[PDB]
Each structure stands twice: as structure tokens, then as C-alpha cells.
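Okay, structure first, notes after.
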Amino acid sequence: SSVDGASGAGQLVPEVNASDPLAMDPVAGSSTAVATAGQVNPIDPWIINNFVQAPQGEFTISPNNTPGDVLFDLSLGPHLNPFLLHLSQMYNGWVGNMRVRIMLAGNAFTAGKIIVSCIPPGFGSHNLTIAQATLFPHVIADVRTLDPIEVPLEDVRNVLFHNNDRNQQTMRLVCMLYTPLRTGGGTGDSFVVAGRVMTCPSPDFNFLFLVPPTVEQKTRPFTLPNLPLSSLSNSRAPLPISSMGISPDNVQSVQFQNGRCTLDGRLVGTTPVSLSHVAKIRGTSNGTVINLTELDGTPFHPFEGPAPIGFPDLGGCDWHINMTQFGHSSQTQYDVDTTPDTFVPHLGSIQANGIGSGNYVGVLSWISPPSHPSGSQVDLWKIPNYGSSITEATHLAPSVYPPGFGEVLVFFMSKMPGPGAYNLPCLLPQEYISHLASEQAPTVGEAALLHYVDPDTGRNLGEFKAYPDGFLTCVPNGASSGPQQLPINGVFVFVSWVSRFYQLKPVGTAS
Amino acid sequence: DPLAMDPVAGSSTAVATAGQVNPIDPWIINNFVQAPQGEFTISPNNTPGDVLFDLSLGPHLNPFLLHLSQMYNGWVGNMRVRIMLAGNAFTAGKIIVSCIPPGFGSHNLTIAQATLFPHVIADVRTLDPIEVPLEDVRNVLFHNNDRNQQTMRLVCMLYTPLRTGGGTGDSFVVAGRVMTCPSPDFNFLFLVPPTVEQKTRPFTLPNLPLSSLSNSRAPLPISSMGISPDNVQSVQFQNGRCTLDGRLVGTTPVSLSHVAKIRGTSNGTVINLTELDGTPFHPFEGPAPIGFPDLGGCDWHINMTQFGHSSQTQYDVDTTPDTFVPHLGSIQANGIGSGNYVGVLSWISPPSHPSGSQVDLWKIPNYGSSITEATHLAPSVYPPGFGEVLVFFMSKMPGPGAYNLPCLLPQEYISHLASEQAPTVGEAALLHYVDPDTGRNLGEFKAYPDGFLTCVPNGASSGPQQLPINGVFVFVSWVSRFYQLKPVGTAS
Amino acid sequence: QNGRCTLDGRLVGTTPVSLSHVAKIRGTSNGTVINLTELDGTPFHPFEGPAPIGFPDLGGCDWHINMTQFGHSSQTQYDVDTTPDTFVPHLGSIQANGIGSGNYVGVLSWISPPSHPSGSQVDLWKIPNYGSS
Amino acid sequence: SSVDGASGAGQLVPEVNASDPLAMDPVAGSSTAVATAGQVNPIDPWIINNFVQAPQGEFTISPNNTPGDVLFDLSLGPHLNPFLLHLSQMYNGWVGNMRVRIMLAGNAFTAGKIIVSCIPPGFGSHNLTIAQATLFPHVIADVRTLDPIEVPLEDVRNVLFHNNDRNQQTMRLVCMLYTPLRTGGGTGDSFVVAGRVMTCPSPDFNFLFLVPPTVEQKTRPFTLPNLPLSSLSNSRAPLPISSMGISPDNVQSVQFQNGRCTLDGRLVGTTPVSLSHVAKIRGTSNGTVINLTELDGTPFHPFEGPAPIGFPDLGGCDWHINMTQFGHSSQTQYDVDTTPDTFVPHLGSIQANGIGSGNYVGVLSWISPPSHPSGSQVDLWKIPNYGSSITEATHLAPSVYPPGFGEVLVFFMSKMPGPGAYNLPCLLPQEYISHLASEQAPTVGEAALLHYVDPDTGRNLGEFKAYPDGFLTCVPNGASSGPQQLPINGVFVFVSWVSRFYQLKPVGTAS
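Protein sequences, first through last, are from chains A, B, C and D.
Position in the first sequence (from 1) plus 57 gives the number in my numbering.
Position in the second sequence (from 1) plus 441 gives the number in my numbering.
Position in the third sequence (from 1) plus 699 gives the number in my numbering.
Position in the fourth sequence (from 1) plus 57 gives the number in my numbering.
See below:
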């Protein structure tokens, strides 16, 4: 299976890693649980020795990385091996050790070292300095080493075995950059070292109790709906996606309230589940002020959020919705300016520039440049002013920004009907949101590496990173280049969980 | 580390129930031969996950075996595969080969997923050839020549990006070569009269230069290769339509002798069509008489003749009138005496009825919209593939201007395909447009089963138009879904 | 002269490969004499053969083609007698019994009994006279 | 003798070539002929083991080469070894095997592989694809391999032995590029791999019958006259050489009719043997039209060629020759325009713009810019219009063009007397032609590698390629540079036979 280039690698790089043994005693496997577990479930012997790419199987070192940066943080569990992960969904509990193999093999021109340290359960989370890492049983390796480093992840236990809950704390394997990475030679800065992590269970490892296959959440794999982008819709308005886009050089952080969902499936802001609630409002007109309620007719509440669920979040826009009513044959237009002191969505009170009394259901369908400021340009990156009710907790959705090395926020855009060429940007397609909500799959790792692919040929079109808070990022090639240059036939495919600093390959074509 | 597979038996299983067990020439037995799809290159531009090659266990991988398969009706055995890479000690990057069992599917994978199969990951710097056993995982005792037989597959993908050091010449790429050879387990099964079985017949294209051939829509010499304008995407001709199996579609005939011709009885008002043999046409058998011209946006007109009567009469036709019901064998006789003639399209003009506007030969004329009958038209063809474009064979036709007539397949090709009804194995046929004299490859094309070619144009102006018409199309091998063509044309 | 081919696969006489070159001629009409060329617009040569490749070989026949031209919407019947001394196919020079000047492409489509012998019967077994050079 | 840099080559390149044996049985040597040959002639034991550079001893790989390109094509015979070749001229027949050694050793930075395949006699000539080559017993090697690859060229025979005729078909060794050549590092594109081929006979090899030493043509070595360029003359006119030159960027193909000879010694066009026939005409003046004949007085014939042997071939020129006559004290001038319909050299008929009746002998000696076109410039690269007699086979000499990688045609030029600075270009010097004709030496290989050298110091001044059809080519350094910058004291020396694609080193100095 493994064929290191030893034969033709000359002798520019070290084959095997010479290192002192782990300052740690061996730990027992199943022998412990045998007497108290209800069952001791054996696993397929074929899995027992195959070193397979872990779900957290990739990482990257680059000269941008600084010593101390965490390349990957592995916590002992079935979730470290794809096969085990699948079997996890069927059992309740486990005990055993894992065999980890990190792979490196940079050019004979690269220099640098990493450090892997085992952290005992019960230590807790603390930001470790490279020097601190030394205090734990560790191993150090040169990035050029041909043969993969093998490190045993011992199952240090206080109890007989483990269950599939959050009350469990297992041992960790933290890998950080030890010394800065620096390529010599004709330095192609596009050069970063691509690492791989593979694992296989030690024969001590065993699953414990047979249980209904899917029920537990801890075992659920992160999945994305297999649907071409074009077929999906926007989250800030009921419009179909047209293309992907990037925020102008000026715009950096964003605070959209609709179309926000955590990768675990947690809805944030005013984000609803279905499009049937997107960019709409319901309330009773007083001929002067409209008293808002949820679309269900249920009463809105200032402690609930910034505004009623589904309440449109277009900022630098002077939007006007189409309002309809039940039992009354009519269709009117409601022009709204987000500037006036009468615009207090947070208190279920807004203006009524020309609407009779009653109760309506309006759908945003026509926007225009903001009137009140100075009769100026449209800025859809902005969010409207939700009544600053000092007497009520304005629970807003936080702002997002790209945390990676030269990464930028990626938006899904659809053209919006108005007095010009407008296109509404959102963070995630509505359907994606709907999916995540259903499958509340726990997010393992700081980010999810995705590969945008053409379903027909299976050609990798782009590389993106999805962050926990619910948003994608990418590295645009040239200033002119970016995801806008990509077709909307593709689908996003989850590749592996990665660290905050996994460096992506620039997207698009620069010329 | 080893391969996650138990070895599979060879002929052992066959002996008991096959009629014979035929041995192979020992010289072939362990001689490594390059496979048809045996070439690939890894440029720094490839990303981990890109597919380098795809293989299916079968006699077709080895030309010797292939030639032999046409003499026996079965086989079982294991091949040996060798991948060889060409790299310096100054490179880096790994490749991964996964063994995919038959009965899986052609869905695309992640490099992570590729690991889940018994696999081999090699570092680019390796000097020695990488040997991987292609095992005959079987559900049955042995294989009978079928397309139903699914075999062991080998998929190769880039595992880690190619990173070359030194004064990095981005022109630098790691080339790869694939070779196979049967192992002593392999054996052919029953001796059958050579080339009689259809299932074994190899795909073949006539060994003739494009220039000497003709169009399948009108009896005109092919003068150039062209592409449909950015505006024209889907096409749907009715003549010059033929599957690689050798099945004639639409009104497509075999010989040029039936191309762009019609025969029928003139009522002095309406012309009642029939097949060229004087046989009755039938709205159910097809959308129009076999050989009936399919030139769309054109105000074309033939030169009719008759037997036993010394005469030549120009018959003008507009494809717009409600009297134009080709599907019912009834058309207009705009100024024709009664009788029964034989017309041949010889002069075209821009369509009169739309507004006296321009000609569009990419279009197809209207074949009498009969609801009662089954106007079984030949389906529209569009280019299937990421950036693949439809290739056409054009000939200049006489009229008031420049009339380059598009075509899908030279008639001669059609005549050939029908004769040798070769089964289509795989998704597309990789072809090479070679210059006969130099034996040099001028372009890489794809032939799809339905009967048409495709290619990847280099620049917006660059493409097949920039190629000489002295080349011959040579069949290389049956390619996979993942095969990406090499851009054709001279870009600079 | 057409439809002549050895089993080795060697084309003999004016025999072409495709029907697309059968019973056809292309040349420049001098309004008196027609100066022939190969269908590609390439020059014919008395030494390479007895006549242009694809040039009809119907003998005892007073045949005549239907000529066309590119960039000109036209169809003109060109009548031919294989007896006249002006009929020198071998030298790419023939009669233009009533044809305007230009360069056309003719296809044999209608035959009649030979006029010059005595207005007698047709003999398709014969071969026409290719200018005795 | 052989000292591979193993000691200091580090371990960046492979020493020995690891390859599976040749799928082929050993073949017998002399043992066969012993009983029926009249004699079995032994050869000097010193030749038996010396690996010497074969006459087809050089080849070059460059990134311009594409897989499939033939680097060299060797056919079994004495002509593969310089010593044997010389002995060949003395014997009639042979039998035996050869030992071939191809040498490579590119930088540790180059990557690439070649393939050598043995092709059985009786297969014939076919353009093989790299994949086809695999079907024959073959060997593959990496261009970096230090130690020379040794391949036995087996004498597969249908008969007992061989004779020195063309009825013989021996085994071949075709070497093609297997994978594209690509240099890494600080890529100096001037970098191409210089290969060498050396051979020595296997002790099985033996010559057969003693025969008069030179008589047979098959054995004759290609030779060039050892004379400094300056001493030679032009082929299109009786003028001494002045300097070498290149066709202007615009001119590519040429069709000169005089000064054309195949390397085997075959005269083409109107090319005569001696200068005494160059640029001359003879015929009888009719006061209006001159009826041409050969200089011998013999009658010219339209089936013979384009014009009488020696008939001047200057195209874009309005030339006028000096005409003399026998028995009549006179010297007149004959001004000729190559445009008129009266100018039918192919039919032995030309004008007589002012010449009385009789028979003359004219020598081109004065040229002027073409009158009839538009009174425009002189283009000596052109060839005049030879009467397009449709009733006669205009057997013209084909056109020539450089087939190599960035190669251009090399011309020999002499200054011609006229109204300005004119210089007549030709393909080969007349004397060279005279030589080739005498020594009809068979041409082995697609081209002959020549080295222009200063006879006094023996310094290599330039590298050129002579093609079978009779013309040289070279790679000019800069646009300003070329062979015009070289002295005319040099002599051309045959180095080795090479493939069509042998890449030459640019000539001259660019600045």
C-alpha cells in the first residue's frame, strides 16, 4: 500500500523519524469492560489494520503559519476513523486505543518541525505555548520525513469504559507547528506542505452496546444536501441563486439576520426554516402604525429577538413589499424607509405611509435606493436599524469575518427586482439551512474543508471552508478572479474537518 | 503495509464446467504491455482528488489478448498492473490507486474515500514501477463476452499536490505510464470461429483521409471541420445520424445515392412522395422518406428528372407552408406538371417566408405536424461534458452566397459502421486525428455512442477549423466519464 | 474509367473514393471552351490521367449535366456530344455549346442517344473519347 | 575507459538501469555460415571489445521533443561501427550480433524516460506509437541513469547469412522518447540531453567473402570534400562564394532548379555537373524566337525536364546574358524578361528582343530588377516561370524547407554584378555537387550532423544539418545573428548521422 520514494528520493530527506519513546505507560483495552458492559462487540478484522484517512484527515503547513499554530486537535473516539464513525451510530459506548499516522514529505528544500503531544483527559482547554507542549509526552518530527510517524493514542481512563455522551473526556493529540516553515530553493510561495492523518483501531478497541442505529446525535456525520447550487434559493429573499460572489474590498464584516445557521443546526437571528417565512411580515394596520406579529398570527415579543421571524434584513435599501389580505380581494404596496424613529421592528411597531387599518401579509418584492439618508446608493451588505429598545435585550446575530490566511467571505447571490442591476448576497442557501436543522450533526474541528465539484465529471472546481457559525470562505486568485467565475452546476462535497488555519488554494483564474 | 485483499482464484473455477480451458502463448504471459489509456501527466495545477486514470479488468487492456478474444467465447484470470512515474529527487507529491470491486457504481469520490478501498499510495519520487494486482473478483465461475459483465476497476487520483522545488519551472510535470500483462491464472475459454461473435468485434473507423469523403446531408465533398456558433447549442439533423453500433437513425441512408433525394407522383398541385424504389412511404415508419433532405432554415430547391422522359425541371420549395407535409408524403407542386420524378437538392437560397431573411443550416425543416401518427424524429444532440463542444463536417453548397453545410458524420463512416456493427463498450471512444504521412497526432477527440464527435477548443478562435483535412480518425480506446480531452487547435 | 479498383485497394482511372466525386466536373467557362480542373479547384494535368478524377465515363451517349455555381443562385443544363474535336477532356478543354463564362460544378443527370453518329441508339457499354493527345 | 561520476554524483541519479530482460531468445552467430560461405573472415580482436562511437553516434532530447519522436533508428549491420564500416568495403557479406550501448546522464534536475525496442526484419516500415513500441521486446530507461544501457542487437535471420545488397532486411533498434523531457531547477532552456551511442561486435560476428575493396556502393561512407568554403563556387551562377546567408523572415520554402543534388549523388532539376554548364543556354536564333538545345548541341526535350540542363534559374530578376558564337567574331547582349508568354523554356522557345539569326552560347553575367511586373525590386529567392506546357510533364525539382526545431535554411552566397548590391543564394557549392555525384555514398539516417571548423586551429565554429534532399539548416542565435557572421575559411566536417529532430546549437553571436 505505502510506497515512499526512498528509491528515488536520493538522500536529501530522512526516511524514518528518530525520536525518544513516549514518556507514558501502555494503557489497557477491552479487558476492563468485559465484566460490566452488557456486550463486548467485536469489529471487522479488516478495519483492524487498514490505516485509513481520518475524517480530520488533512492539514497544511505554510510559511504563513507561526509556531504554536495548531495543525490538528484529535480527541480519542470512533469519530477518528471513517469506518468506526459509521459503526458508532449503532453502538452505545467503546473502549480501546487508536493507532495514528501523520504523513509528511515536503521537498528536500523545505525545513521545519512539528510537535505532537498527548494531553490527558481532565486537563481541560488551555492555550498551550510550544514550550508547554514539551511538558506533555511528545514527539517531534521534520516535515521532510518520508515514512509516516506513528503515534499511539492511549485510552487513559478513570472509569471502566466510555458511553456516547458529552460527560466523557478522552485523551487528545494536539499537533502544532514547532519551528517556522521555510522553503529554500526557487521558493514558489504556492508551496505549502500538505499533511495527511490516517488511523486504524488497535485490536484492544471494541464497541460496547448494540443500540438503534441513528438515534444518538453524537454519532451523526456532518452532511450536505446533494443538490446543484442553481436549484437552490436565497435566504434573505425568496429568490433563486444566480451566482456566487465576494464582498467589495471595502466590506469585511457582515451581520445578516436571515439566512444564518450553525453547522450543528442551530438557527440564529430571525432565520426561519422555510422560504415561506423569508422576507415577510404580518401585523394589524392602525392606519398610522402597523403592529407586528409572527406569520402564524402569534404575538411577537421584544425579548424573543430583533424582529419577528422572517422579517426582511436588507440594510442599505429603501424596500417596499407587496401586501395582501385574507378574505379581502386586494393587493397594495407598502413603501418602507428603515431610517425613521417610527421604524421600531424590535417593538412590533412600524410606520404605515399609506395603509388602511386591518391585518396584512407582505412579501418583499421590490427594492429601491434609500431615500432618507441623501437619496444615495444601494448597499445590500448592510442590515437595517432594528429599534434600539433600551428597555429590551436586542438579541442580535453576531458579525462574521474570514479568520483564515487571506480568506474572504463567500456569498450566494440572486438578482433582485428593482430600478437597476441589483443582486442580493446571503451566507447559505435556504435549503442548506433546512437540512442542517434536521440533521443536527455535531461539528468536529474548527472548520469543514469542502470541494466544489461538477457532478457530471467529478472535476474539482474549487476549495472552500465552512465555519461553525455558518458561512464559507475562500482565497480569491487575482483581484479580478473569484467564485463569480464559477458555474452554478456544482455541488459542495465535504472532504475533511480541518483547523482554523488550513490554507486553501486560490479560486478562479487570474490574468 | 500490504493490500487489503485476499487473493482470488484463476481458472481453477472454470475447469469443472467450461468446455475447454485454452492456454495462452507464454511470451505474452508475463510481458508488460502498455494499456490503451496508459498515459497521464501530473501538472502542479492538478488538485488532490483529480482522476488520473480508470481501468476495467478485461482482454481489451492488452492488444494481444484483445486480438485473441475474437477466437474464444470466455475468459477468467488476473492481470498485473504497473504504474511508472518520471520524477526527480527534487519533487514531492503522492498518488493513490484504489481497487474498486464490480457492482459498486461510477459515483465520484473524495481522496479520503479512495482510502477506504484496498489501495496503494506512492510518492512521486519512486524510481521502481508500482505493481498492483488487478484481481478477477467474480460472482460467477467465469466470464462470457458480455457488456453485462462488470469487472474489477482501478481508479487513480492525485493524493497530495505536486510541489516541485529548485528554480521551479512550471512547465515541469510528472508523467505517468500504465502497463499490464496477464498472470498464469489467466485463460481463454472456448474455441469459437474467429470474428463471428459480435460481442468481440473491435470498433473501427475507415482508414481514409477526411478530404476524399463526403457530407451525409448532401452529396458534397467535405472541405472543412467546424463548430456551431456560441448561439447554437442543441442540434438535430435527420440525415447523417448513425450510432456506433451501426444503427441508422432518422432518414439517414447508407449510400450517398439516397442522400438529399425524393421521388413521388406530382398531382400538379401536391406531390405524393414514395421511397426511391417507388415503394410507398408511411408516416409511422418515420418523419419523412429515407434520404429526404433535412436542411432547415433554407429556401432550397432540387433539380428533378424522370425515366422515359428527357427532362430537367427546377423545383423550388419553401419549408413554411401548411402544404409542406413531408411526414404525410404530401408536399407543394409550386409549378410542376403531373407525373413521378426524382429530385436532388442542388441549389439553396435564404428562406423566403420568415421575412426574406438569412440562412440557418443548423436548423431542421418542419416535417408535417401529424398528431394522428408518430412523427418519430431523431432526438436532439447536445454536447455532454465539462467544456466539450460538438464537432461538424462541412462542405460548401451552391447558392447566392457562402453556404457551409454542417454534418455530424461523413457518409462513408456511416456506411462503414453499419457494415461492422461493433458493440459500444464504455461511454466514449477516444480518437486521434492523425496525419497519415507523418503518423503524427494532430488532435484528441471523443466519439459518443449516439453518433457524433466532440473536442475541447483551445482559444475562442482556436479549434478544428485550424486543422488540415488530410488526417484520418484512429480509434484509441474506450474512455471513462472522467476522461478530460486535450485542447485542440493552435493557440499562441 | 470510373468504378475501377484493384482488390489491393488501388484506384484506377478516374475512379474516386466517394460518390461525391462521381460523374462531376468543375472548370472555368470561356464562353466557348470550358477549361477543366479537379473538384477542389486544383489544376488537372494530361499526364496524371486521361481526364479529371470523377469525370463521367459514359460512352455511346449524348449525355448532359446540370451545372451550379457558388455565390450565384443558378442551375444551367449543359448539353454535351462526345464526338466533336473540341471535346478534349484529356487536355481539360471541352465545348461550351451555350454557356456563360465563370466556373461551375456539373453533375450528370440526364442522358440521351448520341447525336453525331446518325442520331442513333445508346450504347452505355462504350467509353467516350478522351482527347487523343 | 568509462568513469561515471558515481563518486561525486551524490545519489540524485540512478547508477544502473533496473529493467526486465528482453522478451527474446539468443540468436546464433557465425556457426551458421561456416558450412556454405566461401570463407569466414575473422576480425581484429581489439575491435571485439572496444565500445566505440557509432557513425549514428549522437542524438538529443529537449523539452521540444514530444513522446513518440524517434531519437535514432539503427538497423543491424557493419555500418553501425566505424571500424566495421571500413572493413565492410572489403568483404561481401556478414553474420553476427552487435552490442549497443546508449549513454545518458542528464542533470539530477531533469526527468524523462526513453524506450528502445527491437523490431524483427519482415515487419516493414510503420509509424509506431509509444504504446506500439511496448509490443516489441523493449527496454525503458530514465535519462539520468549514469551507466550506459547495453542492448544486444540480435541477428534474426531467415537465411544462413547476409550479403551486401538491398535485398537484405536486418533487425532494428528504434529509440523513441517515452515521456516528455522536463528540466527542473533554474531551467536553462539551452538544456537538452546529449546522448551518445556506442557499439562493438559480439564475438559471433564475422565478415564473409573477400572482395575488391571499394567496388560495392552499400559500403561507401559519406564524405565531403576537404576544401575551404572560400575556394568554391556558386551553383546558380559561375561566381565564387563570398559568405553564407539566411532567407529573410518572410521567405521560407525555396525551389531552385540549379544547384540541387541528393546526398546519394542524384542530380535534380536542371543541375549539371560542371560550372561549364551553369547559367548558360544554347540555341538557334530565328531573329524572333530562339530554339533551345543542350550545350552539347544535342536537342532538348520537354519530357526531360523544366528547361535545358544548366538553364539559369534566377526568378525575381530581369537578367541579360552575354552571347557569343563560334566562327563569328562577336559579343552581344541578350536581355530577357521571364514574364512574357513567349518565354517558354520548357518548350525550347524563348524571345529574341533584338538578336539576329544563328546559334549562340550565352552566359548570364548581368542582372537587373524585373521590368514587366511593375518595375519593382529584385527577389533572387524566386524561380522564373518555366513554360506551363500542359501537354508535357513539367518535371520540376521539389521545394525545400527546414524540418527541425527552429531551424532555417542555410545558403551559400556570391555577389552578382548588377545595378546594386546583389548576392545570389544557392543551396550547395558546385564542387560539393561534383563530389557527391562521383561518390554515390548511401545516406544512412534522416540527416547528417556537420561541424563547421577552422582548418588551422580546429576550432568548432558552427553546427549544421545536411538533409538527404541536399541542403543545410541551422539555428540562428539572435535575429541579427546567423552564419553571415562566420568567416569563409572553414570546412564542413561530417560528425555523425542523426535523426530529423536532432536539436542544433544556435549559431553566431547575439547582442
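Cβ coordinates follow ideal geometry from the N, Cα and C atoms, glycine included.
Of the residues A:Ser537, A:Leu192, A:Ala198 and A:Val152, the one placed nearest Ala75 of chain A, counting alpha carbons only: Among A:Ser537, A:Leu192, A:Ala198 and A:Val152, the Cα nearest to that of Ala75 of chain A is on A:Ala198.
Residue burial classification, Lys562 of chain D (beta-carbon count within 10 angstroms, cutoff 16): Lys562 of chain D sits exposed, since fewer than 16 C-beta atoms from the chains shown fall within 10 Å of its C-beta.
Proximity test, Cβ basis, 8 Å: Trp809 of chain C and chain B: It does: the Cβ of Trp809 of chain C has a partner Cβ on chain B nearer than 8 Å.
Residue-chain proximity (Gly243 of chain D, chain A), Cβ-Cβ < 8 Å: For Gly243 of chain D, the answer is yes, since a Cβ of chain A falls inside 8 Å of its Cβ.
Any C-beta of chain A under 8 Å from that of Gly62 of chain D: Interface criterion not met: the Cβ of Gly62 of chain D is under 8 Å from no Cβ in chain A.
8 Å Cβ cutoff, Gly67 of chain D in contact with chain A: Judged by the 8 Å Cβ criterion, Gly67 of chain D is in contact with chain A.
CA nearest to the CA of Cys257 of chain D, picked from D:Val550, D:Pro402, D:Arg158 and D:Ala92: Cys257 of chain D has its Cα closest to that of D:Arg158, out of D:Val550, D:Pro402, D:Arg158 and D:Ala92.
Nearest-angstrom beta carbon gap, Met446 of chain B and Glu576 of chain B [assumed within contact, 8 Å]: Under the criterion of beta carbons closer than 8 Å, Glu576 of chain B and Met446 of chain B qualify as touching, at roughly 7 Å.
Span separating the alpha-carbon of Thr345 of chain D from that of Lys837 of chain B: The straight-line gap from Cα to Cα measures roughly 48 Å.
Same chain only: Cβ atoms within 7 Å of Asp778 of chain C, ignoring 5 sequence neighbours per side: Around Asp778 of chain C, the same chain offers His763 and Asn796 as residues with beta carbons nearer than 7 Å, after the five sequence neighbours per side are excluded.
Residue span of the beta strand (DSSP E) that contains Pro258 of chain A, given as start and end: Looking at the DSSP string, the run of the beta strand (DSSP E) that includes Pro258 of chain A is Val250 to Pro258.
Whether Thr775 of chain C touches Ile798 of chain C by CB criterion (8 Å): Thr775 of chain C is a Cβ neighbour of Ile798 of chain C, given a cutoff of 8 Å.
Supposed contact pair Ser433 of chain D and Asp375 of chain D - C-beta distance, whole angstroms, cut 8 Å: That pair is no contact at about 10 Å.
Distance between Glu853 of chain B and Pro647 of chain B (C-alpha atoms, nearest Å): Their Cα atoms are separated by approximately 8 Å.
Contact set for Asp763 of chain B: own chain, Cβ-Cβ below 7 Å, skip 5 residues either direction: Around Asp763 of chain B: no qualifying Cβ.
N- and C-terminal bounds of the beta strand (DSSP E) containing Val832 of chain B: Counted as a single uninterrupted DSSP element, the beta strand (DSSP E) harbouring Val832 of chain B occupies residues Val830 to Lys837.
Option in D:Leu192, D:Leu324 and D:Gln113 with minimal Cα separation from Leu79 of chain D: Restricting attention to D:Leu192, D:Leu324 and D:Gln113, the CA atom closest to the CA of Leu79 of chain D is found in D:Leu192.
Beta-carbon contacts of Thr454 of chain B that lie in its chain and below 8 Å, excluding the five residues immediately before and after: Within the same chain, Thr454 of chain B has close Cβ partners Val517, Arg579, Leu582 and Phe583.
Cβ of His508 of chain A within 8 Å of any chain B Cβ: True, the Cβ-Cβ gap to chain B drops below 8 Å.
Buried or exposed (CB count within 10 angstroms, at least 16 for buried), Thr720 of chain B: By the 10 Å Cβ count, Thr720 of chain B comes out exposed.
Contact set between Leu192 of chain D and chain B, taken where Cβ atoms lie within less than 8 Å: Within 8 Å Cβ-Cβ: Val474, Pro504 and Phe505.
6 Å CB neighbourhood of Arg704 of chain B in its chain, flanking five on each side removed: Counting only Cβ-Cβ distances below 6 Å, and skipping sequence neighbours, we find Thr715, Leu717 and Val783.
Same chain only: Cβ atoms within 7 Å of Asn517 of chain D, ignoring 5 sequence neighbours per side: The answer, listed in chain order, is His508 and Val510.
Counterpart residues of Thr746 of chain B in DSSP-defined beta bridges: For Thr746 of chain B, DSSP records a beta bridge to B:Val783.
For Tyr854 of chain B, three-class secondary structure by DSSP: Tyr854 of chain B falls in the helix class under three-state DSSP.
Sufficient close CB pairs (3 or more, under 8 Å) joining the region 667–681 of chain B to the region 887–905 of chain B: Verdict: yes, contact present.
Contacting positions in the region 282–300 of chain D - beta carbon closer than 9 Å to chain C: Identification of residues in the region 282–300 of chain D having a C-beta nearer than 9 Å to some C-beta of chain C yields an empty set.
Close Cβ partners of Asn138 of chain D (< 7 Å) along its chain, the five nearest in sequence each way excluded: Correct list, in chain order: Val109, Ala111, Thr256, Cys257 and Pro258.
Straight-line Cα distance separating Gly415 of chain D from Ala505 of chain D: Those two C-alpha atoms are separated by around 48 Å.
CB of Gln68 of chain A within 8 Å of CB of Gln68 of chain D, strictly: Going by C-beta atoms, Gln68 of chain A is nearer than 8 Å to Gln68 of chain D.
Complete runs of the alpha helix (DSSP H) confined to the region 138–172 of chain D [at least 4 residues]: Every alpha helix (DSSP H) of 4 residues or more that sits fully in the region 138–172 of chain D is shown, in chain order, as 139–145.
Chain-ordered chain C contacts of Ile447 of chain D [CB-CB under 8 Å]: In chain order: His744, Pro745, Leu790 and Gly791.
Beta-carbon neighbours of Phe166 of chain A, restricted to chain B and to distances below 8 Å: Simply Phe531, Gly606 and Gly607.
Backbone CA spacing between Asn184 of chain D and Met233 of chain D [nearest angstrom]: Looking at the backbone, the Cα of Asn184 of chain D and that of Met233 of chain D are separated by about 11 Å.
Residues of its chain near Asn744 of chain B, where Cβ-Cβ distance is below 7 Å and the 5 sequence neighbours each way are ignored: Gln753, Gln755, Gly784, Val785 and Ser787, listed in sequence order.
Nearest residue (CA-CA) to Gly809 of chain B, options B:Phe827, B:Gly515 and B:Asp759: For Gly809 of chain B, the closest C-alpha among the options B:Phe827, B:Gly515 and B:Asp759 is that of B:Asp759.
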